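Positions of Cβ are backbone-derived with ideal geometry, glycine not excepted, and every protein chain shown enters the neighbour counts. What follows is calculated from the coordinates using simple rules that are stated; it is not laboratory data.
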Amino acid sequence: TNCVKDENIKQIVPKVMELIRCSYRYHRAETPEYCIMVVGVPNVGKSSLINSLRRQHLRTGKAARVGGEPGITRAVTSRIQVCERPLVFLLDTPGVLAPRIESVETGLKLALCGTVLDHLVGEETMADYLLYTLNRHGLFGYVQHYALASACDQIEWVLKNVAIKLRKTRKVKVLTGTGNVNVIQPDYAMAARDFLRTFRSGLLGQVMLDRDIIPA
Amino acid sequence: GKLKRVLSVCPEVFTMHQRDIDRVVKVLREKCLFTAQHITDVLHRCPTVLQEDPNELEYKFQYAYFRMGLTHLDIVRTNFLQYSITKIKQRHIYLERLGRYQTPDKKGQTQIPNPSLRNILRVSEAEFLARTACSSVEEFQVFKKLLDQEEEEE
Amino acid sequence: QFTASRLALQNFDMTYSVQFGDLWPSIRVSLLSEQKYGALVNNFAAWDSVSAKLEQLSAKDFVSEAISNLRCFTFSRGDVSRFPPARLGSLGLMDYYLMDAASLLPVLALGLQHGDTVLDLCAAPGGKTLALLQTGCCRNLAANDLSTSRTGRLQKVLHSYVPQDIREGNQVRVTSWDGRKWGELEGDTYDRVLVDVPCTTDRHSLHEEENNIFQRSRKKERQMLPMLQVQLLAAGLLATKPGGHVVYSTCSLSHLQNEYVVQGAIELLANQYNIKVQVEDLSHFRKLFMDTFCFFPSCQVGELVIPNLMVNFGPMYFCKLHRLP
RNA sequence: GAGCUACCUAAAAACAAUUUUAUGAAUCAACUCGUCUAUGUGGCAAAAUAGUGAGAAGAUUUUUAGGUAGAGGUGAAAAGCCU
RNA sequence: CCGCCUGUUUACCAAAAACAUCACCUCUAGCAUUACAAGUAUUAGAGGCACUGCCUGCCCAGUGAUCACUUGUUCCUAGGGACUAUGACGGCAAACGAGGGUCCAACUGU
RNA sequence: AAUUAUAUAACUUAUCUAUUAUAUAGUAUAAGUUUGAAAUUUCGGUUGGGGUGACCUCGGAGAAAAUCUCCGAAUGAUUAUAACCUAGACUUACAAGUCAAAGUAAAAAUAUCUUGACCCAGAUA
Ligand SMILES: Nc1nc2c(ncn2[C@@H]2O[C@H](COP(=O)(O)OP(=O)(O)NP(=O)(O)O)[C@@H](O)[C@H]2O)c(=O)[nH]1
Ligand SMILES: [Mg+2]
Ligand SMILES: [Mg+2]
Ligand SMILES: [Mg+2]
Ligand SMILES: [Mg+2]
Ligand SMILES: [Mg+2]
Ligand SMILES: [Mg+2]
Ligand SMILES: [Mg+2]
Ligand SMILES: [Mg+2]
Ligand SMILES: [Mg+2]
Ligand SMILES: [Mg+2]
Ligand SMILES: [Mg+2]
Ligand SMILES: [Mg+2]
Ligand SMILES: [Mg+2]
Ligand SMILES: [Mg+2]
Ligand SMILES: [Mg+2]
Ligand SMILES: [Mg+2]
Ligand SMILES: [Mg+2]
Ligand SMILES: [Mg+2]
Ligand SMILES: [Mg+2]
């Protein structure tokens, strides 16, 4: 389902209905309101899904605060009415990742989509990962978008080009052999963010980060 | 043209005393709470309303408003007043018990799709039973008799 | 804040709508509109007098017409007319009892025979108990009801409708004790044991406001009804003599409360007490009363007279159980 | 009791320099306000001081005289203000 | 993230995401000698609401086809006449902010 | 929420004028009705505290007389119709509630079985 453009969101409620019919309800067998609960990792559209169904069926409007950065929804909230005919309510909960991610790569991928705050990874051991997978998967779109000379696979080079294109520079203290000196330099940090923020916006192309793991 | 149709259906608008004309309008505006423009539609669309006891007219509006969920605009646009209470109560109540109708709650929500008010009243009895209620003709005829007794024993 | 009737209506919609499919609409208007009463003559003094007057009103005995010794007058198909209130006869006995025609069928289906002792484990006021008195084929009718107030009513009903000679000291006997305990009190004693368990009384609970089984406080009792019903049915089955017949009757349509109860009882009786009870076919009964009753023919065990605005006699579920040994 | 304060009526005032333009535009004084921290807490002060800040040609600010009064007045609603 | 923006407020613990705001929308009123107003519906008053663009609910007699039936509504008694030629909803726009979260650079006795 | 409400608004009957063939107009007021700006007053009890529920009086059974465990009554039908009067007592804060010899009178002894004050309104004689 695509929350922003309400793709395939209609189908969810019939499946939840049919899925519930097979199960038992015990203590709640007499209640006529079907209350279901949404969970997941941060920035997966979990809060948005509340609003997309809130409108698609009830045609009322946004009810849960939808935000780009992870951590917007903090505590388990009250029910939010979603439909009237089946009378379906939703419980919204904060995104939980894991006490321990499995591998350094999964954790690196899990930051690509925006699930974990980027500064916990630095945003420099992650921009590199984009160039690898972007080149590996063949999506040579950053060259055209950033008007780069030609394809490359080195962060220092591409981020040098991206920084110049965006006209962004810093005053950075470097430590030479005769003592610290402050030298104006191109923003490698800023380019990494913008390079990440373009990828996540989908203007760099469609990706399948987990590839050759799904086929098998 | 509004006067032309009004005069034909209700010739006595000119001849009725100012008491009757004022009383009908006062109810529509002071009690029913129809907007100034809507009232004109009521007078023109259903001229016969001018000949109905104010209290009787008010009841008809109340029944729809509260016991059917129709909005002010719905009543005006569908010429709801032109119908007779006896027919209204029979058709609505029949469905309200069959489970094919429901009175919107506080939120305005209904757990079933109420059929169009046109279907409730505009269509013929055979059309109403076959499609909206999917019931046999006889059962309705029996229901009409039972309905009357409840009124008598009310 | 739904009232007890609101909850009863709400609960019925979710369950019954699935049980019957597309008949729920029909079955739903019948329960909320009105009921149809069938008059039963007292057969003691006015056995002829009441019959003549009722016929002039066009009411006809459905039991007698079907045969074409109980006789109960009901109006014609689709006729909504009522019955004039019962009056005290010349002899001092009421003219007739007005009851739901459906209530009579269990009694009529119980296959009463002369010289048969009959037990009513839960004898509700009048109803089936009064009808059994009307038929002369009784020796020692017994009646019980856990509550004492209703039995007080039962005694008045008997008094006004049964001559004192028939209701002699031992001819009838009214004891207000528990029904499940009856399994031990007597055993293999009464040939026929009519057992009408306390039920949800759909038609009543919808209209009724006071003492409604669907009240939130009474939730405790409502859940446990299937358990209590099984125990009461088990008590009667033990009491019936070898080769005896019992009829399990219930006012509701909840399959959990009508069809499984009898099957349940059978298994519990089959295992714990090492006895076998075999059901008796009532299909012939089904075909006889088609004209003046509306029942859906899909009940695995027993029969179930759904209501219908054309007829409205119901709702009842009567199952007949014969003890093979 | 409207010499405080809220709003209003009438008659009057103030706004440098710089850049934009042709402005409830910009930088920033006078002026208006009171963001954040510290001091103070019978204190200089029954709400201040010192810094740091927001606006600063406008729905700006200020002066004088008049009006609305408690079952009420006033209110860009804080149940604010009315010594 | 929230609010369109400059503005406004709980003098003395809250300056804000609250209030106002142009724009948009609904309702009420056909009129003069003390307010509205020495005005007249392109006006006035009461009240709601971000704008712009984009979207879709209602509602829009039925079938023949500007024509006839079936309906509908009335009466006279089940018969006979009379009459009937488009939206309330969502989704998003830069600029600005002593608003509330976050990051990096620099900077430092934190 | 209860009790009001010549705030405004409306109608109706009078009152007072105009007219007119009876009649339609108006109205320094009175009496109604409708509308409700307002006004006055109140916020029973028991329940770790908050939803809902519930429960509050009397009678029957157990614990066995302090709180707990259970059923019922705000009557019911039957009837011989069950009078008046008057010792001594029971019960009891008060209030209410019980039993009853003797005498007289009706008849030809008998009522059998299982509950709300005062005030204020009524009804008949
Ligand atoms: N392109 C795209 N963006 C989406 C979609 N759904 C959500 N987003 C983006 O994801 C963000 C919203 O995330 P949200 O719905 O709050 O999800 P969440 O998991 O509940 N948030 P949290 O991290 O607090 O747990 C916004 O940046 C929004 O634009 C989608 O279907 N497509
Ligand atoms: Mg002043
Ligand atoms: Mg200047
Ligand atoms: Mg400026
Ligand atoms: Mg400044
Ligand atoms: Mg500024
Ligand atoms: Mg102000
Ligand atoms: Mg407020
Ligand atoms: Mg003061
Ligand atoms: Mg703002
Ligand atoms: Mg500002
Ligand atoms: Mg303050
Ligand atoms: Mg201030
Ligand atoms: Mg501020
Ligand atoms: Mg402050
Ligand atoms: Mg606001
Ligand atoms: Mg601010
Ligand atoms: Mg740093
Ligand atoms: Mg005393
Ligand atoms: Mg004596």
ask   = Which residue, chosen from C:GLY243, C:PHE285, C:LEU32, occupies the Cα position most advanced towards the positive end of the dipole of chain C, where the dipole is computed from +1 (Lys, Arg) and -1 (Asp, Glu) charges on Cβ about the Cα centre?
value = C:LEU32
task = Tabulate in residue order the Karplus-calculated ³J(HN,Hα) for the range A:119-131, using 6.51 cos²θ - 1.76 cosθ + 1.60 with θ = phi - 60°, rounded to whole Hz; enter x for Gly and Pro.
result = 5, 5, 9, x, 6, 10, 8, 10, 4, 3, 4, 4, 4
ask   = Given charges of +1 on the Cβ of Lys and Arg and -1 on the Cβ of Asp and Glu, with all other atoms neutral, how large is the dipole of the range A:30-72 about its Cα centre, in debye to the nearest 20?
value = 260
key: Sequence of B:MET16, B:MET68 once ranked by neighbouring C-beta atoms within 10 Å, starting from the fewest   = B:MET16, B:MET68
task = Can you tell me the dipole magnitude for chain C around its Cα centre, using point charges on the Cβ only (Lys, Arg +1; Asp, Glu -1), in Debye to the nearest 20?
result = 420
task = Kindly identify chain C as rounded, prolate or oblate by the Cα gyration tensor criterion: order the square roots of the eigenvalues as a ≥ b ≥ c, call it rounded if a/c is under 1.5, otherwise compare a/b with b/c, prolate if a/b is larger, else oblate.
result = rounded
query = Once a ≥ b ≥ c are taken as the square roots of the eigenvalues of the Cα gyration tensor of the range B:1-123, is the result rounded (a/c under 1.5), prolate (a/b larger than b/c) or oblate (a/b not larger than b/c)?
reply = prolate
Total charge dipole magnitude, the protein assembly as shown, about the Cα centre, Cβ charges on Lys, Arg, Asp, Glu only, Debye to nearest 20 = 2740
Residue-count net charge about A:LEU196 - beta-carbon cut-off 15 Å; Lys, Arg +1, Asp, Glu -1 = -2
message = Could you give each residue of the range C:248-253 its phi-based ³J(HN,Hα) in whole Hz, using Karplus coefficients 6.51, -1.76, 1.60 with θ = phi - 60°, and x for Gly or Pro?
response = 9, 10, 8, 8, 9, 10
note = So, with points 7 Å from each Cα along the Cβ direction, the C:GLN171-A:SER150 label distance in nm works out to 12.0
query = With each label point set 7 Å from Cα along the Cα-Cβ vector, what nm distance links C:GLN231 and C:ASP178?
reply = 0.6
Burial ordering of C:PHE285, A:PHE199, fewest other beta-carbon atoms within 10 Å first = C:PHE285, A:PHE199
query = What are the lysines whose alpha-carbon lies under 26 Å from the alpha-carbon of A:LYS171, with same-chain residues fewer than 8 places away excluded?
reply = A:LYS160
key: Model label zone, C:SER81; criterion: amide N under 15 Å from point 7 Å along Cα-to-beta-carbon; scope the range C:28-46   = C:37-39
ask   = Using r as the Cβ-Cβ distance of B:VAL9 and C:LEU57, and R0 as 35 Å, what FRET efficiency do you calculate, to the nearest 0.05?
value = 0.15
request  = Using only the alpha-carbon atoms of the protein assembly as shown, report the extent along each of the three principal axes, biggest first, to the nearest angstrom.
outcome  = 132, 90, 39
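Can you give the local net charge around B:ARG131? Use residues other than it whose beta-carbon is closer than 13 angstrom to its beta-carbon, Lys and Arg +1, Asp and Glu -1. Could the numbers behind the result be given before it?
Values: positive: B:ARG91, B:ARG100, B:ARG118, B:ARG122; negative: B:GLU125, B:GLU127.
Summing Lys and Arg as +1 and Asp and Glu as -1 gives +2.
Write out the trypsin sites (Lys or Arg not before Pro) in the range A:1-106 meeting two conditions: DSSP loop, and at most 16 other Cβ atoms within 10 Å of their Cβ. Please report the intermediate quantities before stating the final value.
Working: sites: A:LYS5, A:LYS10, A:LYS15, A:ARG21, A:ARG25, A:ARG28, A:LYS46, A:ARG54, A:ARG55, A:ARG59, A:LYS62, A:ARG65, A:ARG74, A:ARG79, A:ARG100; in loops: A:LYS5, A:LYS10, A:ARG25, A:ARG59, A:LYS62, A:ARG65, A:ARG74, A:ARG100.
The qualifying sites are A:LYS5, A:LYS10, A:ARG25, A:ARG59, A:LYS62, A:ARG65, A:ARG74, A:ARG100.
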remark   = Residues whose modelled amide H sits under 5 Å from the amide H of A:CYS35, counting only those 5 or more places away in sequence or on another chain, are A:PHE89
message = I'd like the distance between the alpha-carbon centres of the range C:14-63 and the range B:1-77, rounded to an integer number of Å.
response = 45
note = The farthest towards the positive end of the charge dipole of the range A:90-184, of the residues A:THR176, A:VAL143, A:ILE101, given +1 on Cβ of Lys and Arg and -1 on Cβ of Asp and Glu, is A:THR176
request  = For C:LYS320, list the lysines whose Cα falls under 17 Å from its own Cα; do not include residues on the same chain fewer than 8 positions away.
outcome  = C:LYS128, C:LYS241, C:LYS276, C:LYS287
key: Pairwise centroid distance, computed over Cα atoms, of the range B:93-154 with the range A:1-20, Å   = 34
request  = Set the Förster radius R0 to 22 Å, insert the Cβ-Cβ distance between A:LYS160 and A:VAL181 as r into 1/(1 + (r/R0)^6), and round the FRET efficiency to 0.05.
outcome  = 0.60
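Could you list, in their original order, any pairs among B:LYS89/B:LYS144; B:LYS26/B:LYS107; A:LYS109/A:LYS168; B:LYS60/C:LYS36 whose Cα atoms are separated by more than 20 Å?
Numbers: B:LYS89/B:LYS144 10 Å; B:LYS26/B:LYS107 30 Å; A:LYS109/A:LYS168 27 Å; B:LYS60/C:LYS36 31 Å.
Pairs exceeding the cut-off: B:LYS26/B:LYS107; A:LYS109/A:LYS168; B:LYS60/C:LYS36.
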key: Farthest positive-ward along the protein assembly as shown dipole, Cα basis, beta-carbon charges - from C:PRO106, C:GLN231, A:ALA63   = A:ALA63
task = Using only Cα atoms, locate the centre of the range C:113-157 and the centre of the range C:242-317, then give the distance between them in Å, rounded to an integer.
result = 21
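What GluC sites (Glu not before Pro) does the range C:205-277 have in DSSP loop regions with at most 14 other beta carbons within 10 Å? Intermediate results must be reported in sequence, preceding the final value.
Values: sites: C:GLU208, C:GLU209, C:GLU210, C:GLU221, C:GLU259, C:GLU267; in loops: C:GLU208, C:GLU209, C:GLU210.
Here the GluC sites (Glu not before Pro) that fit, given the DSSP loop and packing criteria, are C:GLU209, C:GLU210.
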key: Residue-wise HN-Hα coupling along the range A:49-60, computed from phi with Karplus coefficients 6.51, -1.76, 1.60 (Hz; x: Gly, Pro)   = 3, 4, 6, 4, 6, 3, 8, 3, 9, 6, 6, 10
query = Under 14 Å from the 7 Å Cα→Cβ point of B:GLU152, by amide nitrogen: which residues of the range C:55-89?
reply = C:80-85
inquiry  = A 31 angstrom limit on the alpha carbon distance is what I want to check against. Which of C:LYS60/C:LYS181; C:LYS60/C:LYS156; A:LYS15/B:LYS87 exceed it?
reply    = C:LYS60/C:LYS181; A:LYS15/B:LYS87
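Considering only the other residues whose Cβ falls under 13 Å of the Cβ of C:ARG216, what net charge follows from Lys and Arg at +1 and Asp and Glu at -1? Spell out each step's value before the answer.
Values: positive: C:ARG6, C:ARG218, C:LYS219, C:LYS220, C:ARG222; negative: A:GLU30, C:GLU221.
Net charge around C:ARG216: +3.
Enter the mean projected area of the convex hull around the alpha-carbon atoms of the range C:200-325, in nm², rounded to one decimal.
Working: hull surface 35.0 nm².
Computing the convex hull of the Cα atoms and averaging its projections yields 8.8 nm².
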